[PDB]
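S.K.: Give me a model of this one.
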Amino acid sequence: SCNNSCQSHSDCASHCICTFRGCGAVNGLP
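M.R.: Numbers count the residues shown, from 1 in each chain. Below is the structure:
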């Protein structure tokens, strides 16, 4: 779903959590 770096939903999108390890997806999606 979201495979990009970010700190505060700066690069993330579509309700994608952002952390030190970049953005995250749901249900293990691309």
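S.K.: need the contact list for residue 7.
M.R.: By C-beta atoms under 8 Å, 6 or more residues apart in numbering, residue 7 lies in contact with residue 18. The C-beta positions use only the backbone N, C-alpha and C, and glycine is treated the same way.
S.K.: one more time with 10 Å, if that's ok
M.R.: Contacts here follow C-beta atoms under 10 Å, 6 or more residues apart in numbering; on that basis residue 7 touches 18, 19, 20, 22.
S.K.: and if you look at residue 21?
M.R.: Contacts of residue 21 (C-beta under 10 Å, 6+ apart): 5, 6.
S.K.: Residue 24 against residue 5, yeah?
M.R.: No. Applying C-beta atoms under 10 Å, one finds residue 24 not in contact with residue 5, separated by 11.6 Å.
S.K.: any residues in contact with both of the two?
M.R.: 12, 18.
S.K.: which of the contacts of residue 7 are buried?
M.R.: Among these, those classed as buried by 16 or more other C-beta atoms under 10 Å are 18, 22.
S.K.: of all the contacts of residue 7, which two lie farthest apart?
M.R.: Using C-beta to C-beta, those reach their maximum pairwise distance at 18 and 20, which is 9.0 Å.
S.K.: Against residue 3, how distant is residue 10?
M.R.: With distances taken as C-beta to C-beta, to the nearest Å, residue 10 is found 15 Å from residue 3.
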